Amino acid sequence: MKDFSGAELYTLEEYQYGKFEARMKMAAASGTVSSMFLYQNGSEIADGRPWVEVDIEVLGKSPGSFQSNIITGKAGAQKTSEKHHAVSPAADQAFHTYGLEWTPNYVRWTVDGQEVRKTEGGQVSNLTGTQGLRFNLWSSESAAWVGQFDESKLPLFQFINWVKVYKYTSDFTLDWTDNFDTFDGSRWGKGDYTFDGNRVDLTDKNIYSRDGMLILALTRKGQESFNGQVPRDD
Ligand SMILES: OC[C@H]1O[C@@H](O[C@H]2[C@H](O)[C@@H](O)[C@H](O)O[C@@H]2CO)[C@H](O)[C@@H](O)[C@@H]1O
Ligand SMILES: [Ca+2]
Ligand SMILES: [Ca+2]
Ligand SMILES: [Ca+2]
Ligand SMILES: [Ca+2]
C-alpha cells in the first residue's frame, strides 16, 4: 500500500559461511539505500529467534562511501556496529566489486579485493545458522540516516553485472556464478514485501534483466519501468 516501488533480489538458498562477491554500480540520491547483504530470512519475526544479518549499504546522501554493519541480537533488541568506508570513484559513478567473507571467526568487507573492515568475535560468534545473499534498493523514512527523500531524482537504478558465491572450505572454493545474461528463477527470488521504516514496497516489477545486467529500480508507484541503456563496465 505504499507510494513508491523498490526492489529486492535474493538467493533462494541460504548458506552457512562463505565468500560473496558482486560487481555493481550502486544507486544514490538523498533518502535512498542501495545494498548488498547477507540475511537469515525470518530474523524480522519477534518470536524470540535470533537476528542474523551482515550489511553493505550505500546511503543516498553519501554516494562516496558505504556503511558496513552486523546485526545480531533479536527483533526489537538488535545489536549493531555501523561503520563507514570511502569508495572511489563514488559508488554511483563506477562499478566496484563488493565482497563479504563470513566464517565462524570473522566477517570481512572488501572493495575491489581490498579489506576495508574485518570484525572478529563478539557479534560474529552470534551469526549462527545460514544466510542468503541479497541486494535491495529502497528509501528509509529516517532522514537522519539517509537524508530527506528527493523524489525528483527518481527513477534510480542499481546495476549488478555478476555475482560469485564461494563455499567455506584461501578458505574459499567457488560454488557458483551468475553473469546475469538472464534471470535464473531456479537461483533467485524477487522480493514483494516491505517493512516499517521503508517508504517503498519492494516489488518484482522493479527487477529487470537487460544487456547482461540485473537491474534493481526505485521508482514512483505506477512508473515502474527501465527503458534506458545499461552503463558500461570497462
Ligand atoms: O517485513 C516482512 C518481510 O521482512 C523481510 O525481511 C526484511 C526485514 O523485515 C527488515 O527488517 C530487514 O531490515 O530487511 C529484511 C530484508 O528485506 C523478509 O525477507 C520478508 O520475507 C518479509 O515479508
Ligand atoms: Ca521528499
Ligand atoms: Ca556448485
Ligand atoms: Ca516474489
Ligand atoms: Ca553480466
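Position 1 is the first residue of the sequence, and the numbers go up from there. Note: hydrogens, waters and symmetry copies are ignored here, and every other heavy atom, side chains too, is used.
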(message) Among residues at least two apart in sequence or on other chains, which ones pass salt bridge (charged side-chain N to carboxylate O under 4.0 Å, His left out) with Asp171?
(response) none
(request) Determine the minimum heavy-atom distance between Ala75 and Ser43, stating which atoms define it. (result) CB-O, 3.8 Å
(request) Indicate if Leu137 and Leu202 have the same hydrophobic cluster label, given that clusters are the connected sets of ILVMFWY residues with side-chain heavy-atom separations under 4.5 angstrom. (result) yes
(message) Ignoring hydrogens and geometry beyond distance, is a side-chain donor-acceptor pair present between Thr97 and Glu21 at under 3.5 Å?
(response) no
(request) Would you verify whether the NZ or CZ of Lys164 falls within 45 degrees of the ring axis of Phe172 while also being under 6.0 Å from that six-membered ring's centre? (result) no
(message) Listing request: all ring-ring contact (aromatic ring centres under 6.0 Å, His included) pairs with a residue in residues 82-106, at least two apart in sequence or in separate chains.
(response) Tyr17-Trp102, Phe66-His85
(request) Taking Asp192 for its side chain and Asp204 for its backbone only, find out whether a donor-acceptor pair lies under 3.5 Å. (result) yes
(message) Tell me whether the rings of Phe157 and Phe159 are parallel (<30°), tilted (30 to 60°) or perpendicular (>60°).
(response) tilted
(request) Sequence neighbours left out, what passes ring pair (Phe, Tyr, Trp, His ring centres under 6.0 Å) with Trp145? Give chain and number order. (result) none
(message) Test of understanding: with salt bridge (charged side-chain N to carboxylate O under 4.0 Å, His left out), list the residues that count as partners of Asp196, not counting sequence neighbours.
(response) none
(request) Inspect the surroundings of NZ in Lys167 and state if more than 12 heavy atoms from other residues, nucleotides or ligands are less than 6.0 Å away. (result) no
(request) Give the C-alpha distance, both sets of side-chain angles, the deciding distance and a yes or no for side chain to side chain contact (heavy atoms under 4.5 Å, CB included) between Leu38 and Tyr15. (result) CA-CA 9 Å; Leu38 290 172; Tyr15 327 85; 5.8 Å; no
(request) Apply side-chain hydrogen bond (donor to acceptor under 3.5 Å, both in side chains) to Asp150 and list each qualifying residue two or more places apart in sequence or on a separate chain. (result) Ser152
(request) Could I get the full list of side chain to side chain contact (heavy atoms under 4.5 Å, CB included) partners for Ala143, not counting sequence neighbours? (result) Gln148
